[PDB]
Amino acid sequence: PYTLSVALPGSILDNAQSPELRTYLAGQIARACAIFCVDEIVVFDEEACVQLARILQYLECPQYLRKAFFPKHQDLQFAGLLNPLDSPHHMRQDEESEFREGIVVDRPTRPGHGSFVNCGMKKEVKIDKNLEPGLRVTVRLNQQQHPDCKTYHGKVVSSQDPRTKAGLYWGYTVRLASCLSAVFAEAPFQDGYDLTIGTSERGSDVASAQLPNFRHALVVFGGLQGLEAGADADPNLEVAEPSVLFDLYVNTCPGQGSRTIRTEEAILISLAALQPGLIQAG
């Protein structure tokens, strides 16, 4: 199955009128990406990124694991006033699920015995492998999980498994990039992004665009000054206009009735505008 990654600059957070709205905006990004089953979000420095990245990670992390993975931070002061992702890997105890994220507990194992994992279930989940504690893992529960002395049983599996195997969106990862050229180069896939797509009012009409067969797509968004800012700023990138950095450069809202479309708005519009092209090619 193909991947989709989204890049945008942290600087959009500097545009907010309030601390509260700065947080809400971060949430808007998370949900936009969750909605379109994004696998990866890349926060890049166009000239804050740390705050945006942190918030995105907090929201993606299932709830029963936030306490463990995120100590009190001034950068999640407004956790509260968030929109939740309501994504398949966020459930309550109650819900039976095939798979469930977990943290490798830090309790006494016994010579030979796999670790304990906290999957937010009524009891801890016992597994096969002995593992380094505080590791986030993806556990697939057994079956024949008898009313066993205060332990469920299961096996750890690839975090790719709930997509490839059961068609379940299962969260995104978050990557920090120090510039726009680091967006492309510090990619997590062997052969980079088979397909790159940039966005702008002065790009080509998205209705013309013909998506090439692809394996890993990246869609890039600018902040307030467009992608021009992050192109110029980066020393490793000497272009007249940013169109040439990407396979495609699209305008996703023809005949827009506002002089501007904000980044968080543009992401929803662009990803829908593209969603059918994406599905066809991957």
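Counting begins at 1, following the sequence as shown.
> Check the entry and tell me how many residues of the deposited sequence have no coordinates between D247 and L248: none, 1 to 3, 4 to 9, or 10 or more.
Gap between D247 and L248: none.
> Name the higher of the two by mean Cα B-factor in the PDB entry, 78-86 versus 143-151.
143-151 has the higher mean C-alpha B-factor.
> Tell me which stretch, 62-70 or 23-31, has the higher mean Cα B-factor listed in the entry.
Averaging CA B-factors over each stretch, the winner is 62-70.
> Checking the entry, which one of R175, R136, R110, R100 has the top C-alpha B factor?
Comparing C-alpha B-factors across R175, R136, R110, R100, the top value belongs to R110.
> Out of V183, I197, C119, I127, which residue has the highest Cα temperature factor in the PDB record?
Max CA B-factor in the entry, restricted to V183, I197, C119, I127: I127.
> Per the entry's values, where does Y193 land by CA temperature factor relative to the rest of its chain, in the lowest, middle or highest third?
Middle third by C-alpha B-factor.
> Place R54 in the lowest, middle or highest third of its chain's C-alpha B-factors, as listed in the PDB entry.
Lowest third of the chain for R54's C-alpha B-factor.
> According to the PDB entry, is the CA B factor of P242 in the bottom, middle or top third of its chain, that is, lowest, middle or highest?
Middle third of the chain for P242's C-alpha B-factor.
> For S5, does the deposited CA B-factor place it in the lowest, middle or highest third of the chain?
Its C-alpha B-factor, which the entry lists for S5, ranks in the lowest third among residues of this chain.
> Which third of the chain holds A229 when residues are ordered by C-alpha B factor: lowest, middle or highest?
As the PDB entry reports it, the C-alpha B-factor of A229 lands in the middle third of its chain.
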